[PDB]
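Worksheet: one structure, shown below.
Order of writing sets the chain letters: A, B, C, D, E and F. Residues in each chain are counted from 1.
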Amino acid sequence: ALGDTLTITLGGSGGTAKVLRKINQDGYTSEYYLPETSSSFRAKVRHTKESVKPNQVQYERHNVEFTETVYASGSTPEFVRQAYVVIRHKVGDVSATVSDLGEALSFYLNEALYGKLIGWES
Amino acid sequence: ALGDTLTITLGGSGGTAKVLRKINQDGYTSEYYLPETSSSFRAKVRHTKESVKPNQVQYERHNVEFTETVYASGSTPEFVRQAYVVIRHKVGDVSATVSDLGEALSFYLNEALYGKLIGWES
Amino acid sequence: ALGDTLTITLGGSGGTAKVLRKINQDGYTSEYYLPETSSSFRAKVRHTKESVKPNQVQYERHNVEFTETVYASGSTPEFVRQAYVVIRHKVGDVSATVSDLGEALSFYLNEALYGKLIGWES
Amino acid sequence: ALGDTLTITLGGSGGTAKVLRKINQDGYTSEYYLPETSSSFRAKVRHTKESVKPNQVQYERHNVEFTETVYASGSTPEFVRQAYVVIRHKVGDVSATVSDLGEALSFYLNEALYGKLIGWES
Amino acid sequence: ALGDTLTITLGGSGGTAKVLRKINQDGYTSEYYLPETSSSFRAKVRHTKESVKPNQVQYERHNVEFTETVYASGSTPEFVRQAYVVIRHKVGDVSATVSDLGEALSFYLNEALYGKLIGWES
Amino acid sequence: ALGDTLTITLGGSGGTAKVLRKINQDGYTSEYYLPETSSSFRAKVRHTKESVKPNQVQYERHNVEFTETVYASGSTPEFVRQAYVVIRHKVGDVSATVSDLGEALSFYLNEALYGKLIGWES
């Protein structure tokens, strides 16, 4: 129940919010979409329970994925831009704790960092 | 660059800083580490360049992954808490633009949201 | 969006409104329903995205279908009355333009025309 | 006997009427066409009697289809825009009743609705 | 078409509200969920159409089910508490009428009565 | 220990009372009945103790079921209208607590809600 729309604010808390509309919801999965003119935006939220095995811990996996599809322009073919996250924890873990990691990741990942990453810096 | 240490600030900004040390770097990858008594933290950075197809756009992937390994204690076996991000764009893409989508995601993913996610809200 | 209810106004504008309720949504599809004693109404919305071919334009299909199911009575077996529309355009196409063609069709299809059609007039 | 021409009024009862010429008529089927410069328009009207089976109701099916073909422009390949309708009823059904549905569909499908559909809303 | 949330008011009217979040909706089936520290609540709604048979009436089933799950606590293993209702009627029946029977049941089943049932008073 | 009669108030509180007569009581099971000119009402109460298994919790089921049976009328064959509830909990659970969940269900299930269910609103 995340809502009927999902807003992607390009460039961070700065601005250029793209409000996507819920387009589908199946198997603990939602999809939002916003067609635009020269590109379209899409967001997916999925939840999964990793395959239980005999003598081992069972994990849950949560995923959020943003995708921008840039339509072909003349000779330039169509391509995509995409970013997503995956949170993974044992079933029964302390959510608050889990939330703190990832909360830490979002914090770590900022404009300056993405810049470096794209530059292949490690 | 990217640094010799990497700080995972649990709970996000103002949270508990865990400063890891770069301990290894192979195959366009980095591994930072910070051992403790009860658990250990590990962060990995990975860069990939999907293969050139005859008639296709060639993409690059950038991945950052935080992992807290909680050592087994008593009856409770060892388990993990993990969160990671993946950025994917075509080769010649405009960095700023791409970065903006990642910034949008980091911005979207806050404590409140993570809560809902763990609660299986789609 | 699109609504939680869907109103089928028999006889067109000013006709008999039949307001159905959304009862299901799976695979980029919606199903609205309104049961009655003698018959039941059902409306389905479907979205499709034809597969990417090596050297071809990729199309999307949008379909809306009204269906009145008249339950069997006496010797008269159960039968149906059904009308539906399909809109098809390439992926990056200009929405306004596309919409205009659908508007042209809705406009073309009025009572008088439907009459002729049923009369096999070509 | 729908006439020698068929007018497609783009954007609805607003304007931009494209008057297509009858181009062929075979097997209870007519085809109109209008070549234009950067695109061409085509309309098809078909009538069918669904395959009779032993112990079941037999249906008739009527179809009207508008198609705009946009010729290739430089690097941009040729593509199409298309919208069509299908009315389906048992043989012997009360035409007026049948006409009311569809009459209801045309009414339902307007600029605002098409907008949403193209946006993949359900 | 039920709603992003579903509230379970323990102890009936004026009791303790537990607002669950819609987690999924698929085969004409909904699922709400609300995880908590010591237990979790889950509600499901299911609609069925019983097996259509030759010379017989066609029935529909409507089910609603509440389930609190108390997580294991020390020696005490995990267990649940369930309460669910089923409404069954033939296709075409008069909703108002059918509804009256369900209302009769809800009305009948109050605290005093549940007490007796749990007490095995037949 | 239920009572010589059981009243089914159609339409819930303030509705039409149908006081049924206890007809039998045997395997921790009761049965009330009230025959009428055009239909008959019948209520049943059943208590069960689920299959006791090795390393598992032992559950008990409590069921109550209302059934109006409308006798065949001319062409219209005979059919029923059912509504029943099931309460399930482990042996030893706290009655008050369990009861609260049933009360929550009864409270939740009102006329408006039944309307939606019959309407297949999931």
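Going forward, contacts are C-beta pairs under 8 Å (C-beta built on N, C-alpha and C of every residue); 3 or more make two chains touch, one makes a residue touch a chain.
K.L.:
Identify, among B-E, C-E or A-B, the interface equivalent of A-E, where equivalent means over half of the contact pairs coincide by residue number.
P.N.:
Among B-E, C-E or A-B, the interface that shares over half of its contact pairs with A-E is C-E.
K.L.:
Hey, which pair has more contacts between C-betas, B-E or A-D?
P.N.:
A-D
K.L.:
Please tell me the distance, in whole Å, between the geometric centres of subunit C and subunit D computed from their C-alpha atoms.
P.N.:
Centres of subunit C and subunit D (C-alpha means) sit 13 Å apart.
K.L.:
Taking each chain's centre as the mean of its CA atoms, how far is subunit A from subunit F in angstrom?
P.N.:
Distance between chain centres, rounded to whole Å: 47 Å.
K.L.:
Could you tell me which residues belong to subunit A and also touch two or more other chains?
P.N.:
1, 21, 23-26, 28, 35, 72, 78, 95
K.L.:
Spell out the residues on subunit C that touch subunit F in their complex, using ranges where they run on.
P.N.:
Touch residues, subunit C against subunit F: 21-24, 33-35, 74.
K.L.:
So in the complex, which bits of subunit A are touching subunit B?
P.N.:
Touching subunit B: residues 1-2, 6-14, 16, 25, 28-30, 45-47, 56-57, 59-60, 62, 64, 66, 68, 77-90, 93, 95, 97-111, 114-122 of subunit A.
K.L.:
Considering only the defined contacts, which subunit C positions touch subunit E in the complex?
P.N.:
Residue positions touching the partner: 4-5, 21-26, 35, 37-38, 71.
K.L.:
Okay, in this complex, where on subunit E does subunit C touch?
P.N.:
Per the touch definition, subunit E meets subunit C at residues 1, 25-28, 47, 91-92, 94-95.
K.L.:
Show which residues of subunit B lie in contact with subunit E when the two form their complex.
P.N.:
116, 118-122
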